[PDB]
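Undergrad: sequence first, structure after, both from an experimental entry:
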Amino acid sequence: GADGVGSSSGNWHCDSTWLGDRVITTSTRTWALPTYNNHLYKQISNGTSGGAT
Amino acid sequence: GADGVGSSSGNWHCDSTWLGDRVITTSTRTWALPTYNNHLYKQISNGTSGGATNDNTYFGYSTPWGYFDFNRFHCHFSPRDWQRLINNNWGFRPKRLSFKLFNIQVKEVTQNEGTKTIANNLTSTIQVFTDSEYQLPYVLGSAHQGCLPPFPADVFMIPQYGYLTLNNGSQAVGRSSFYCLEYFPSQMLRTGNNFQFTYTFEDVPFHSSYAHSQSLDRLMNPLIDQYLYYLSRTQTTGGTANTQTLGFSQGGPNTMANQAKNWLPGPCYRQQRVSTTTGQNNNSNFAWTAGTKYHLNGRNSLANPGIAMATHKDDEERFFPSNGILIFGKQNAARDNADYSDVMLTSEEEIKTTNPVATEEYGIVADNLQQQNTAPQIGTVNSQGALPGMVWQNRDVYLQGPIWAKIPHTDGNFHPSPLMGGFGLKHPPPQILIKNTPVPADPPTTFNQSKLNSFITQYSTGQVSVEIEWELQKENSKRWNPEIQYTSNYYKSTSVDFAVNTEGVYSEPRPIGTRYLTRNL
(Lines give C-alpha, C1' and ligand atoms only; values in the text may rest on other atoms or scores of the structure.)
Protein backbone atom coordinates (compact mmCIF):
# COMPACT_ATOMS: atom_id res chain seq x y z
CA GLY A 1 0.00 0.00 0.00
CA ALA A 2 0.84 3.70 -0.27
CA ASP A 3 2.21 4.89 3.07
CA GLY A 4 1.29 8.21 4.63
CA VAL A 5 0.23 9.92 7.82
CA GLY A 6 -2.82 7.70 8.07
CA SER A 7 -1.19 4.29 8.11
CA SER A 8 1.14 2.88 10.72
CA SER A 9 4.60 2.02 9.45
CA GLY A 10 5.29 -1.20 11.31
CA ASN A 11 3.79 -3.64 13.74
CA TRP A 12 4.93 -4.22 17.30
CA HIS A 13 7.15 -7.30 17.51
CA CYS A 14 8.52 -8.68 20.73
CA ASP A 15 8.71 -12.43 20.55
CA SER A 16 10.94 -15.47 20.79
CA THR A 17 10.94 -18.75 18.91
CA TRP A 18 12.64 -22.09 19.45
CA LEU A 19 13.27 -24.22 16.37
CA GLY A 20 15.60 -27.17 16.65
CA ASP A 21 19.01 -25.64 17.18
CA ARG A 22 17.79 -22.21 16.06
CA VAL A 23 16.34 -19.65 18.43
CA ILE A 24 15.03 -16.35 17.10
CA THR A 25 14.43 -13.51 19.53
CA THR A 26 13.18 -10.14 18.37
CA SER A 27 12.37 -7.13 20.50
CA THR A 28 10.85 -3.68 20.30
CA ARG A 29 11.21 -0.56 22.43
CA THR A 30 10.09 3.05 22.40
CA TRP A 31 12.75 5.71 22.01
CA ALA A 32 12.96 9.48 22.36
CA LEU A 33 15.67 11.62 20.79
CA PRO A 34 16.38 15.11 22.13
CA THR A 35 18.58 17.63 20.36
CA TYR A 36 22.15 17.69 21.69
CA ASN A 37 24.75 20.46 21.78
CA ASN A 38 22.34 22.86 20.08
CA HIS A 39 23.53 21.45 16.75
CA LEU A 40 27.19 22.17 17.43
CA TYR A 41 30.28 20.00 17.28
CA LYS A 42 32.29 20.95 20.34
CA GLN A 43 35.85 20.35 21.43
CA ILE A 44 36.07 18.71 24.85
CA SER A 45 39.25 18.23 26.82
CA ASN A 46 40.61 17.84 30.33
CA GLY A 47 44.14 18.11 31.61
CA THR A 48 46.48 18.61 34.53
CA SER A 49 45.82 22.35 34.22
CA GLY A 50 42.55 21.68 35.99
CA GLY A 51 42.26 19.27 38.87
CA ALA A 52 42.79 16.36 36.49
CA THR A 53 45.56 13.88 37.11
CA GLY B 1 -9.47 2.04 -2.22
CA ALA B 2 -6.45 3.60 -0.50
CA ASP B 3 -7.36 4.36 3.11
CA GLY B 4 -6.34 7.54 4.88
CA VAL B 5 -7.54 10.34 7.11
CA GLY B 6 -10.19 11.29 4.58
CA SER B 7 -12.09 8.03 4.32
CA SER B 8 -14.04 6.28 7.04
CA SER B 9 -12.75 2.84 7.94
CA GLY B 10 -15.98 0.94 8.44
CA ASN B 11 -19.72 1.30 8.31
CA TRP B 12 -22.07 1.21 11.27
CA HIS B 13 -23.66 -2.22 11.61
CA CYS B 14 -26.28 -3.07 14.18
CA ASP B 15 -28.73 -5.55 12.76
CA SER B 16 -30.31 -8.96 13.14
CA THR B 17 -31.38 -11.54 10.60
CA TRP B 18 -33.54 -14.65 10.76
CA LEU B 19 -32.83 -17.37 8.20
CA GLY B 20 -34.34 -20.78 8.70
CA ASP B 21 -32.56 -22.17 11.73
CA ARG B 22 -29.83 -19.53 11.50
CA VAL B 23 -30.03 -16.18 13.22
CA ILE B 24 -27.27 -13.62 12.74
CA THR B 25 -27.04 -10.70 15.13
CA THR B 26 -24.34 -8.08 14.83
CA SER B 27 -23.86 -5.00 16.95
CA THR B 28 -21.80 -1.84 17.18
CA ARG B 29 -20.89 0.45 20.05
CA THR B 30 -18.70 3.47 20.71
CA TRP B 31 -15.77 3.03 23.06
CA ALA B 32 -13.31 5.29 24.85
CA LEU B 33 -9.96 4.14 26.21
CA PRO B 34 -8.17 6.16 28.90
CA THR B 35 -4.60 5.55 29.95
CA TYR B 36 -4.30 3.39 33.08
CA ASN B 37 -1.62 3.22 35.76
CA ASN B 38 0.40 5.91 34.01
CA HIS B 39 1.94 3.16 31.88
CA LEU B 40 3.13 1.14 34.87
CA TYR B 41 2.67 -2.49 35.83
CA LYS B 42 1.98 -2.42 39.55
CA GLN B 43 1.95 -5.05 42.25
CA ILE B 44 -1.32 -5.16 44.16
CA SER B 45 -1.96 -7.16 47.29
CA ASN B 46 -4.07 -7.30 50.42
CA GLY B 47 -3.62 -9.32 53.58
CA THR B 48 -4.44 -9.81 57.23
CA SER B 49 -1.83 -7.15 58.01
CA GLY B 50 -4.46 -4.63 56.99
CA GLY B 51 -8.09 -4.99 57.92
CA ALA B 52 -8.42 -7.89 55.49
CA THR B 53 -9.68 -11.24 56.69
CA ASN B 54 -7.64 -14.30 55.79
CA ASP B 55 -10.04 -15.25 53.00
CA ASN B 56 -9.80 -12.09 50.89
CA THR B 57 -6.01 -11.92 50.84
CA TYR B 58 -4.77 -11.68 47.25
CA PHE B 59 -1.65 -11.01 45.22
CA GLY B 60 -1.61 -9.79 41.65
CA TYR B 61 -0.83 -7.05 39.18
CA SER B 62 -2.68 -4.26 37.43
CA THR B 63 -1.56 -3.74 33.87
CA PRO B 64 -1.97 -0.54 31.85
CA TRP B 65 -3.82 -2.55 29.22
CA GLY B 66 -7.54 -2.94 28.70
CA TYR B 67 -9.83 -5.52 27.21
CA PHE B 68 -13.21 -5.90 25.53
CA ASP B 69 -16.00 -7.92 27.10
CA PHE B 70 -19.11 -8.73 25.09
CA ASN B 71 -19.80 -11.90 27.10
CA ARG B 72 -23.30 -10.74 28.14
CA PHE B 73 -26.35 -11.46 26.00
CA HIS B 74 -28.02 -8.07 26.16
CA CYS B 75 -25.15 -6.85 24.02
CA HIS B 76 -26.22 -8.95 21.07
CA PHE B 77 -30.02 -9.16 21.40
CA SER B 78 -32.67 -6.51 21.49
CA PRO B 79 -35.50 -7.55 23.79
CA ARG B 80 -37.66 -7.98 20.71
CA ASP B 81 -35.36 -10.58 19.19
CA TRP B 82 -34.92 -12.13 22.60
CA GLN B 83 -38.70 -12.41 22.57
CA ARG B 84 -38.83 -14.33 19.30
CA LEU B 85 -35.97 -16.60 20.27
CA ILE B 86 -37.46 -17.93 23.47
CA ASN B 87 -40.96 -18.29 22.10
CA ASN B 88 -40.34 -20.39 18.99
CA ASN B 89 -37.14 -22.31 19.73
CA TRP B 90 -36.20 -25.26 21.89
CA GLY B 91 -32.45 -24.78 21.87
CA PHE B 92 -29.57 -22.94 20.31
CA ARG B 93 -25.80 -22.68 20.25
CA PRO B 94 -23.33 -20.21 18.76
CA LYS B 95 -21.34 -21.00 15.63
CA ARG B 96 -18.87 -18.35 14.45
CA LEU B 97 -18.25 -14.74 15.31
CA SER B 98 -16.64 -11.83 13.57
CA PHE B 99 -15.02 -8.78 15.08
CA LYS B 100 -14.14 -5.39 13.64
CA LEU B 101 -12.41 -2.41 15.16
CA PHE B 102 -12.18 0.80 13.18
CA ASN B 103 -12.49 4.59 12.97
CA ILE B 104 -9.95 5.25 15.68
CA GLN B 105 -9.42 8.76 16.97
CA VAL B 106 -6.68 9.90 19.32
CA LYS B 107 -6.91 13.05 21.40
CA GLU B 108 -4.32 14.68 23.64
CA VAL B 109 -5.63 16.80 26.50
CA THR B 110 -3.83 19.35 28.64
CA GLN B 111 -4.46 21.30 31.82
CA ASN B 112 -3.35 24.92 31.73
CA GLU B 113 -4.31 27.03 34.73
CA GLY B 114 -7.85 26.03 35.61
CA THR B 115 -8.93 25.19 32.07
CA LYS B 116 -8.93 22.17 29.77
CA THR B 117 -8.48 21.78 26.04
CA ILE B 118 -8.43 18.92 23.56
CA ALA B 119 -7.07 18.43 20.05
CA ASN B 120 -6.57 15.70 17.49
CA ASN B 121 -3.13 14.09 17.56
CA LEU B 122 -2.74 12.42 14.20
CA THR B 123 0.50 10.48 14.36
CA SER B 124 -0.20 8.71 17.64
CA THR B 125 -0.93 4.99 17.67
CA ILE B 126 -2.60 2.29 19.72
CA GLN B 127 -1.77 -1.37 20.13
CA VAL B 128 -4.11 -4.32 19.68
CA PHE B 129 -3.62 -8.05 19.90
CA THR B 130 -5.58 -11.19 20.59
CA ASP B 131 -4.30 -14.31 22.28
CA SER B 132 -5.40 -17.21 20.13
CA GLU B 133 -3.23 -19.67 22.04
CA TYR B 134 -4.71 -18.77 25.44
CA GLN B 135 -1.25 -18.01 26.75
CA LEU B 136 -2.48 -15.40 29.23
CA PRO B 137 -4.49 -15.58 32.43
CA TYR B 138 -8.03 -15.63 31.11
CA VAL B 139 -9.95 -13.03 33.07
CA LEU B 140 -13.34 -13.29 31.39
CA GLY B 141 -16.07 -15.46 32.82
CA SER B 142 -16.46 -13.77 36.19
CA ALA B 143 -19.15 -11.44 34.80
CA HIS B 144 -17.35 -8.25 35.65
CA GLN B 145 -18.91 -4.90 34.93
CA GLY B 146 -18.15 -3.09 31.73
CA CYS B 147 -19.58 -5.17 28.92
CA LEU B 148 -21.02 -3.42 25.92
CA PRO B 149 -24.06 -1.39 26.96
CA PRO B 150 -27.40 -2.84 25.91
CA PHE B 151 -28.87 0.34 24.53
CA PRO B 152 -26.75 1.15 21.48
CA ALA B 153 -26.72 4.94 21.79
CA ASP B 154 -24.57 4.60 24.92
CA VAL B 155 -20.81 5.15 24.98
CA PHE B 156 -18.82 3.02 27.35
CA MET B 157 -15.43 3.11 29.01
CA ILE B 158 -13.11 0.15 28.50
CA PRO B 159 -12.13 -1.69 31.69
CA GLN B 160 -8.60 -2.11 32.96
CA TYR B 161 -6.92 -5.50 32.75
CA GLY B 162 -5.33 -7.29 35.69
CA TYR B 163 -4.89 -10.68 37.23
CA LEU B 164 -4.18 -12.58 40.43
CA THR B 165 -1.71 -15.36 41.18
CA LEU B 166 -0.74 -17.74 43.97
CA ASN B 167 -0.60 -15.89 47.26
CA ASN B 168 0.48 -16.75 50.77
CA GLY B 169 -0.72 -14.02 53.02
CA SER B 170 -0.18 -10.75 51.25
CA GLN B 171 3.10 -12.29 50.06
CA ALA B 172 3.79 -14.52 47.07
CA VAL B 173 5.44 -17.91 46.67
CA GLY B 174 7.87 -19.35 44.16
CA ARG B 175 5.36 -20.59 41.61
CA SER B 176 3.94 -17.07 41.48
CA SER B 177 4.01 -16.09 37.83
CA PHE B 178 4.44 -12.69 36.20
CA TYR B 179 3.71 -11.47 32.70
CA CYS B 180 4.61 -8.66 30.34
CA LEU B 181 1.95 -7.95 27.77
CA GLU B 182 4.21 -5.95 25.43
CA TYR B 183 6.03 -9.24 24.95
CA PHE B 184 3.50 -10.40 22.37
CA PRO B 185 3.17 -9.63 18.67
CA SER B 186 0.60 -6.88 18.41
CA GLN B 187 -0.58 -4.80 15.50
CA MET B 188 -0.28 -1.02 15.76
CA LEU B 189 -2.99 1.24 14.36
CA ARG B 190 -3.22 4.93 13.57
CA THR B 191 -6.34 6.86 12.65
CA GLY B 192 -6.29 5.36 9.16
CA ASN B 193 -6.50 1.72 10.13
CA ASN B 194 -8.91 -1.06 10.97
CA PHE B 195 -8.60 -4.39 12.74
CA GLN B 196 -10.72 -7.47 12.23
CA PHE B 197 -10.62 -11.17 12.88
CA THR B 198 -12.82 -14.23 12.78
CA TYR B 199 -13.46 -17.06 15.18
CA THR B 200 -15.36 -20.32 15.33
CA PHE B 201 -16.95 -22.07 18.27
CA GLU B 202 -16.22 -25.70 19.00
CA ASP B 203 -19.11 -28.12 18.84
CA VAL B 204 -21.11 -27.54 22.01
CA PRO B 205 -24.52 -29.03 22.87
CA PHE B 206 -27.50 -26.80 22.19
CA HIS B 207 -28.53 -24.96 25.30
CA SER B 208 -31.90 -26.34 26.24
CA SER B 209 -34.68 -23.79 26.58
CA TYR B 210 -37.88 -25.51 27.73
CA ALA B 211 -39.66 -26.99 30.71
CA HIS B 212 -40.60 -30.63 31.06
CA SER B 213 -44.34 -31.11 30.81
CA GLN B 214 -43.96 -34.18 33.02
CA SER B 215 -42.33 -34.90 36.35
CA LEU B 216 -39.50 -37.33 36.86
CA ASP B 217 -41.44 -39.69 39.13
CA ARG B 218 -44.85 -39.64 37.43
CA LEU B 219 -43.84 -41.17 34.09
CA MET B 220 -45.94 -44.24 34.98
CA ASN B 221 -49.20 -45.22 33.37
CA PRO B 222 -51.93 -44.04 35.75
CA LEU B 223 -54.34 -46.83 34.87
CA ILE B 224 -52.31 -50.03 34.80
CA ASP B 225 -50.69 -51.89 37.67
CA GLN B 226 -47.08 -52.90 37.77
CA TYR B 227 -46.30 -56.56 38.20
CA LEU B 228 -43.50 -55.95 40.66
CA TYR B 229 -44.07 -56.14 44.40
CA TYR B 230 -42.75 -54.09 47.29
CA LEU B 231 -42.74 -54.70 51.02
CA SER B 232 -46.00 -53.19 52.18
CA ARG B 233 -46.52 -54.76 55.61
CA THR B 234 -44.18 -55.60 58.45
CA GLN B 235 -46.89 -56.25 61.05
CA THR B 236 -50.12 -58.15 61.44
CA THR B 237 -53.17 -55.93 61.91
CA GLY B 238 -56.74 -56.23 63.11
CA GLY B 239 -55.81 -58.57 65.93
CA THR B 240 -55.67 -57.89 69.63
CA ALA B 241 -52.12 -59.30 69.53
CA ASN B 242 -50.03 -58.19 66.56
CA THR B 243 -46.77 -59.82 65.48
CA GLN B 244 -44.33 -59.12 62.69
CA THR B 245 -45.09 -60.57 59.26
CA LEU B 246 -44.18 -60.02 55.63
CA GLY B 247 -46.67 -58.78 53.08
CA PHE B 248 -46.59 -57.29 49.62
CA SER B 249 -48.70 -55.59 47.01
CA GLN B 250 -48.46 -54.47 43.42
CA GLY B 251 -47.73 -50.86 42.59
CA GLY B 252 -50.88 -49.30 41.23
CA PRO B 253 -52.85 -46.13 40.64
CA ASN B 254 -53.95 -45.82 44.24
CA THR B 255 -50.42 -45.75 45.66
CA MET B 256 -47.86 -44.44 43.20
CA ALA B 257 -45.18 -43.72 45.79
CA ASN B 258 -44.40 -47.43 46.10
CA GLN B 259 -43.89 -48.16 42.43
CA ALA B 260 -40.58 -49.03 40.82
CA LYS B 261 -38.75 -46.18 39.13
CA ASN B 262 -35.97 -46.08 36.56
CA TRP B 263 -34.21 -42.82 37.35
CA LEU B 264 -33.13 -40.48 40.12
CA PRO B 265 -33.10 -36.72 40.65
CA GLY B 266 -29.98 -34.68 40.15
CA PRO B 267 -27.41 -34.02 42.85
CA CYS B 268 -28.12 -31.80 45.81
CA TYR B 269 -25.94 -29.64 48.06
CA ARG B 270 -28.20 -27.95 50.57
CA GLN B 271 -28.74 -24.20 50.95
CA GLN B 272 -30.33 -22.24 53.77
CA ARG B 273 -33.79 -20.86 53.08
CA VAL B 274 -34.51 -17.14 53.32
CA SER B 275 -37.91 -15.46 53.11
CA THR B 276 -38.65 -12.34 51.13
CA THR B 277 -40.94 -11.56 54.06
CA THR B 278 -38.72 -9.91 56.65
CA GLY B 279 -40.72 -10.83 59.73
CA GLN B 280 -40.61 -14.52 58.86
CA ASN B 281 -36.82 -14.67 58.82
CA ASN B 282 -34.84 -15.15 62.01
CA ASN B 283 -33.85 -11.92 63.71
CA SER B 284 -30.04 -11.81 63.53
CA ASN B 285 -27.33 -11.41 60.92
CA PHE B 286 -26.52 -14.98 59.89
CA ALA B 287 -25.57 -14.29 56.29
CA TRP B 288 -21.86 -15.09 56.41
CA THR B 289 -22.02 -17.49 59.36
CA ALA B 290 -24.96 -19.58 58.17
CA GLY B 291 -23.94 -19.18 54.54
CA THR B 292 -23.26 -22.43 52.71
CA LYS B 293 -19.54 -22.42 52.03
CA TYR B 294 -16.79 -24.66 50.73
CA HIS B 295 -13.24 -24.81 52.03
CA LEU B 296 -10.16 -24.74 49.82
CA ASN B 297 -6.46 -24.47 50.64
CA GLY B 298 -6.99 -23.42 54.23
CA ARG B 299 -9.22 -20.67 52.84
CA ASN B 300 -12.98 -20.38 53.21
CA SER B 301 -15.12 -19.60 50.19
CA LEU B 302 -18.81 -18.92 49.77
CA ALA B 303 -20.32 -20.99 46.98
CA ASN B 304 -21.90 -18.49 44.64
CA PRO B 305 -24.39 -19.35 43.42
CA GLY B 306 -23.81 -23.06 43.57
CA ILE B 307 -25.15 -25.81 41.34
CA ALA B 308 -28.49 -25.64 39.57
CA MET B 309 -31.49 -26.45 41.74
CA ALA B 310 -35.13 -25.64 42.21
CA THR B 311 -35.49 -22.26 43.86
CA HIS B 312 -38.62 -23.21 45.79
CA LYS B 313 -41.41 -25.74 45.83
CA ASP B 314 -45.11 -25.10 45.24
CA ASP B 315 -46.32 -21.61 46.18
CA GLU B 316 -43.17 -20.98 48.22
CA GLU B 317 -42.06 -18.19 45.89
CA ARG B 318 -41.60 -15.82 48.82
CA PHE B 319 -38.78 -18.17 49.92
CA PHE B 320 -35.37 -18.41 48.28
CA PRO B 321 -31.99 -19.97 49.11
CA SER B 322 -29.32 -17.75 50.59
CA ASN B 323 -26.76 -17.56 47.80
CA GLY B 324 -28.48 -20.14 45.62
CA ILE B 325 -29.96 -17.78 43.04
CA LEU B 326 -28.56 -15.12 40.79
CA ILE B 327 -29.39 -11.48 41.47
CA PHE B 328 -29.64 -8.46 39.20
CA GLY B 329 -29.91 -4.90 40.46
CA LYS B 330 -32.51 -2.53 39.12
CA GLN B 331 -31.32 0.59 37.35
CA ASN B 332 -29.32 2.98 39.53
CA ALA B 333 -29.59 0.66 42.50
CA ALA B 334 -27.31 1.47 45.40
CA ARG B 335 -24.06 -0.42 45.03
CA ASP B 336 -23.84 -1.42 48.68
CA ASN B 337 -26.42 -2.46 51.27
CA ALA B 338 -29.10 -2.16 48.61
CA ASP B 339 -32.60 -2.94 49.82
CA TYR B 340 -34.64 -5.70 48.21
CA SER B 341 -36.79 -3.36 46.14
CA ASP B 342 -33.74 -2.30 44.10
CA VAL B 343 -32.77 -5.79 42.91
CA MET B 344 -34.37 -8.47 40.76
CA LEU B 345 -34.35 -12.15 41.67
CA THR B 346 -34.30 -15.04 39.23
CA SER B 347 -36.60 -18.04 39.66
CA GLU B 348 -35.63 -21.60 38.75
CA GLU B 349 -39.10 -23.06 39.34
CA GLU B 350 -39.21 -24.52 35.82
CA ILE B 351 -36.82 -27.34 36.76
CA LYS B 352 -38.69 -28.59 39.85
CA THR B 353 -39.49 -31.69 37.82
CA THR B 354 -35.98 -33.01 37.40
CA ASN B 355 -33.99 -31.34 40.08
CA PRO B 356 -34.39 -31.25 43.86
CA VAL B 357 -35.44 -28.22 45.86
CA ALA B 358 -32.44 -26.25 47.06
CA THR B 359 -33.76 -25.72 50.58
CA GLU B 360 -34.50 -29.34 51.46
CA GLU B 361 -32.77 -32.67 51.88
CA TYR B 362 -32.06 -35.03 49.03
CA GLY B 363 -33.50 -38.13 50.66
CA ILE B 364 -33.63 -40.42 53.66
CA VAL B 365 -31.61 -43.54 54.45
CA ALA B 366 -31.42 -45.80 57.47
CA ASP B 367 -28.75 -45.11 60.06
CA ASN B 368 -28.81 -48.34 62.10
CA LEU B 369 -29.54 -52.03 61.63
CA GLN B 370 -32.84 -53.41 62.89
CA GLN B 371 -33.41 -56.48 65.03
CA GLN B 372 -36.22 -58.03 67.00
CA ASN B 373 -34.29 -56.36 69.82
CA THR B 374 -33.62 -53.05 68.07
CA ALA B 375 -35.72 -50.25 66.65
CA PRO B 376 -34.73 -49.04 63.17
CA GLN B 377 -33.56 -45.49 62.60
CA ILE B 378 -33.39 -43.12 59.65
CA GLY B 379 -31.01 -40.44 58.48
CA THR B 380 -31.08 -37.33 56.36
CA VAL B 381 -28.72 -36.57 53.49
CA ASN B 382 -28.34 -32.85 52.98
CA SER B 383 -25.50 -33.22 50.48
CA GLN B 384 -25.57 -35.99 47.90
CA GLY B 385 -23.00 -36.66 45.21
CA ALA B 386 -23.69 -38.06 41.78
CA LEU B 387 -25.01 -41.60 41.40
CA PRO B 388 -25.71 -43.86 38.42
CA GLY B 389 -29.00 -43.13 36.73
CA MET B 390 -29.27 -39.48 37.70
CA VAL B 391 -30.59 -36.90 35.28
CA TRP B 392 -30.36 -33.18 35.82
CA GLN B 393 -30.92 -29.83 34.17
CA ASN B 394 -28.35 -27.09 33.78
CA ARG B 395 -28.95 -23.64 35.19
CA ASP B 396 -30.98 -21.17 33.18
CA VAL B 397 -29.50 -18.32 31.16
CA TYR B 398 -30.80 -14.77 31.18
CA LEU B 399 -30.83 -11.77 28.90
CA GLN B 400 -28.31 -10.12 31.21
CA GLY B 401 -26.44 -13.34 31.93
CA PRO B 402 -22.98 -14.30 30.72
CA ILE B 403 -22.84 -16.27 27.50
CA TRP B 404 -19.85 -18.54 28.06
CA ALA B 405 -17.02 -19.41 30.39
CA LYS B 406 -13.63 -20.95 29.70
CA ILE B 407 -13.33 -24.48 31.03
CA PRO B 408 -10.15 -24.64 33.12
CA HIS B 409 -7.45 -26.89 31.72
CA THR B 410 -7.08 -29.79 34.14
CA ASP B 411 -6.45 -33.50 34.35
CA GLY B 412 -10.19 -34.05 34.30
CA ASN B 413 -13.60 -32.54 34.98
CA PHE B 414 -17.18 -33.72 35.34
CA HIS B 415 -19.99 -32.38 33.17
CA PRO B 416 -18.45 -29.01 32.40
CA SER B 417 -21.48 -26.76 32.54
CA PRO B 418 -20.53 -23.38 34.04
CA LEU B 419 -22.28 -22.77 37.33
CA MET B 420 -23.43 -19.28 36.39
CA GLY B 421 -24.89 -20.90 33.29
CA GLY B 422 -23.65 -20.64 29.76
CA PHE B 423 -21.59 -22.66 27.35
CA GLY B 424 -18.45 -24.16 28.78
CA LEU B 425 -15.66 -24.13 26.24
CA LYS B 426 -12.28 -25.71 25.77
CA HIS B 427 -11.37 -22.70 23.63
CA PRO B 428 -13.42 -19.60 24.32
CA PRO B 429 -13.28 -16.59 22.04
CA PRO B 430 -9.85 -15.03 22.48
CA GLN B 431 -9.79 -12.04 24.77
CA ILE B 432 -8.73 -8.80 23.12
CA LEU B 433 -6.21 -6.33 24.49
CA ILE B 434 -5.67 -2.66 23.71
CA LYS B 435 -3.49 0.16 25.00
CA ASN B 436 -2.46 3.68 24.11
CA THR B 437 1.11 3.98 22.94
CA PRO B 438 3.02 6.01 25.53
CA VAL B 439 4.42 9.18 23.97
CA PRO B 440 7.16 10.90 25.98
CA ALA B 441 7.27 14.52 26.99
CA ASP B 442 10.30 16.65 26.18
CA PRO B 443 13.38 14.76 27.42
CA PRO B 444 16.29 16.69 28.95
CA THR B 445 19.28 17.85 26.95
CA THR B 446 21.88 16.22 29.17
CA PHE B 447 21.75 12.46 28.92
CA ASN B 448 20.26 10.30 31.63
CA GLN B 449 19.67 6.58 31.82
CA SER B 450 16.53 6.72 33.96
CA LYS B 451 13.40 5.89 32.00
CA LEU B 452 11.15 8.80 31.16
CA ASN B 453 8.27 9.10 33.60
CA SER B 454 6.66 12.14 31.97
CA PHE B 455 4.07 11.84 29.24
CA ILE B 456 1.47 13.62 27.20
CA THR B 457 -1.93 13.08 28.75
CA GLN B 458 -3.77 11.15 26.09
CA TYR B 459 -6.84 9.09 25.33
CA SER B 460 -8.43 7.58 22.26
CA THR B 461 -11.88 6.57 21.03
CA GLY B 462 -13.36 4.73 18.10
CA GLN B 463 -15.90 2.19 16.96
CA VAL B 464 -16.27 -1.52 17.59
CA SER B 465 -18.53 -4.00 15.85
CA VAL B 466 -19.23 -7.62 16.67
CA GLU B 467 -21.04 -10.35 14.73
CA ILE B 468 -22.40 -13.68 15.95
CA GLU B 469 -24.21 -16.39 14.00
CA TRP B 470 -26.51 -18.39 16.26
CA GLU B 471 -27.72 -21.81 15.21
CA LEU B 472 -31.23 -22.79 16.26
CA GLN B 473 -33.05 -25.99 17.11
CA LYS B 474 -36.64 -25.69 15.97
CA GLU B 475 -39.55 -26.75 18.13
CA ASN B 476 -41.68 -29.65 16.89
CA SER B 477 -44.47 -30.60 19.29
CA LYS B 478 -47.98 -31.98 19.03
CA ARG B 479 -49.30 -30.50 22.28
CA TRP B 480 -52.90 -29.45 21.79
CA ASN B 481 -53.55 -26.64 24.24
CA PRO B 482 -52.06 -23.14 24.02
CA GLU B 483 -48.54 -22.65 25.32
CA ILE B 484 -47.22 -20.32 27.93
CA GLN B 485 -45.46 -17.39 26.28
CA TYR B 486 -43.50 -14.34 27.31
CA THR B 487 -45.51 -11.18 26.72
CA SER B 488 -45.46 -7.55 27.70
CA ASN B 489 -48.14 -6.29 30.06
CA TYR B 490 -51.31 -5.16 28.34
CA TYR B 491 -52.41 -2.65 30.96
CA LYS B 492 -51.35 0.98 30.68
CA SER B 493 -48.18 2.33 32.24
CA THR B 494 -46.51 5.63 33.00
CA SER B 495 -43.64 4.60 30.73
CA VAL B 496 -42.83 1.71 28.44
CA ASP B 497 -40.71 -1.21 29.56
CA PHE B 498 -37.24 -1.44 28.03
CA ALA B 499 -37.50 2.10 26.69
CA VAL B 500 -35.75 5.25 27.78
CA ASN B 501 -37.06 7.08 30.82
CA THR B 502 -37.74 10.80 31.02
CA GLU B 503 -34.01 11.51 31.10
CA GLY B 504 -32.93 8.94 28.57
CA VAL B 505 -31.62 6.39 31.05
CA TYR B 506 -32.29 2.98 29.57
CA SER B 507 -33.47 0.37 32.04
CA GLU B 508 -34.74 -3.19 32.11
CA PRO B 509 -37.75 -3.69 34.39
CA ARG B 510 -37.21 -7.42 34.82
CA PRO B 511 -34.81 -10.20 33.87
CA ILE B 512 -35.99 -12.71 31.29
CA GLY B 513 -35.71 -16.45 31.68
CA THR B 514 -34.99 -18.64 28.70
CA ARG B 515 -37.46 -21.47 29.34
CA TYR B 516 -41.06 -21.25 28.17
CA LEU B 517 -41.96 -23.94 25.66
CA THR B 518 -42.67 -27.43 26.93
CA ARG B 519 -41.25 -30.84 26.08
CA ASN B 520 -41.84 -34.36 27.31
CA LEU B 521 -39.61 -36.64 29.33
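TA: Happy to help now that I have it. Numbers count the residues shown, from 1 in each chain, chains lettered A, B, ... in the order given.
Undergrad: tell me the residues on chain A that lie near chain B, please.
TA: A:1-2, A:4-8, A:10-15, A:28, A:30, A:32, A:34-36 (CB under 8 Å from any CB of the partner chain). Yep, even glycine has a C-beta here, placed from its N, CA and C like the rest.
Undergrad: so how far is residue B:190 from the residue of chain A found nearest chain B?
TA: Using CB to the nearest CB, the single residue of chain A nearest to chain B is residue A:6, 2.5 Å away. Remark: distance between residue A:6 and residue B:190 (CB to CB, to the nearest Å) = 6 Å.
Undergrad: rewinding a little: thought the residue of chain A closest to chain B was touching residue B:8?
TA: No. Here residue A:6 does not reach residue B:8: they are 11.7 Å apart, not a contact under CB atoms under 8 Å.
Undergrad: more neighbours: which of these two?
TA: The residue with more neighbours, out of residue A:6 and residue B:8, is residue A:6; 20 against 11, by other CB atoms under 10 Å in any protein chain shown.
Undergrad: quick check: nearest residue in space to the more buried one, chain neighbours excluded?
TA: Distances taken as CB to CB, 6 or more residues apart in numbering or on different chains put residue B:192 closest to residue A:6, at 2.5 Å, once the chain neighbours are dropped.
Undergrad: does that neighbour count as helix, strand or coil?
TA: Look at residue B:192: counting by DSSP: H, G, I helix; E, B strand; the rest coil, its state is coil.
Undergrad: what residues does it make contact with?
TA: Residue B:192 makes contact with A:4-7, B:3-5, B:7, B:9, according to CB atoms under 8 Å, 6 or more residues apart in numbering or on different chains.
Undergrad: repeat that with 6 Å
TA: Counting by CB atoms under 6 Å, 6 or more residues apart in numbering or on different chains, residue B:192 touches A:6-7, B:3-5.
Undergrad: quick check: the farthest pair among those residues?
TA: Largest separation among the contacts of residue B:192 by CB to CB: A:7 and B:5, giving 10.1 Å.
Undergrad: report the central residue of chain A.
TA: Residue closest to the average C-alpha location in chain A (CA atoms, centre = their mean): residue A:31, at 6.4 Å.
Undergrad: now that one: phi and psi?
TA: phi -120, psi 160 (degrees, to the nearest 10).
Undergrad: now the one 3 residues further on
TA: For residue A:34, the backbone dihedrals are phi -80, psi 170 (criterion: degrees, to the nearest 10).
Undergrad: end to end, how far does stretch A:45-53 reach?
TA: Across stretch A:45-53, the terminal residues are separated by 13 Å (CA to CA, to the nearest Å).
Undergrad: same check, this time on stretch A:18-30
TA: By CA to CA, one end of stretch A:18-30 lies 25 Å from the other end.
Undergrad: now stretch A:6-21
TA: Taking CA to CA, stretch A:6-21 runs 41 Å from one end to the other.
Undergrad: could you do stretch A:4-19 as well?
TA: Note: stretch A:4-19 ends 37 Å apart using CA to CA.
Undergrad: stretch A:5-15 too?
TA: 27 Å.
Undergrad: stretch A:10-27 now?
TA: One end of stretch A:10-27 to the other measures 13 Å (CA to CA).
Undergrad: that one: how far from the chain's middle?
TA: Stretch A:10-27 sits 19 Å away from the centroid of its parent chain (CA atoms, centre = their mean, to the nearest Å).
Undergrad: with stretch A:43-51 instead?
TA: Taking the mean of its C-alpha atoms, stretch A:43-51 sits 30 Å from the chain's own mean (CA atoms, centre = their mean).
Undergrad: what of stretch A:43-53?
TA: Chain-centre distance of stretch A:43-53: 31 Å, with CA atoms, centre = their mean.
Undergrad: quick one: end-to-end length of it, please.
TA: From start residue to end residue, stretch A:43-53 stretches across 20 Å - CA to CA.
Undergrad: go on, stretch A:7-27?
TA: The stretch stretch A:7-27 measures 22 Å between its terminal residues, going by CA to CA.
Undergrad: swap in stretch A:27-35?
TA: Its first and final residues considered, stretch A:27-35 spans 26 Å by CA to CA.
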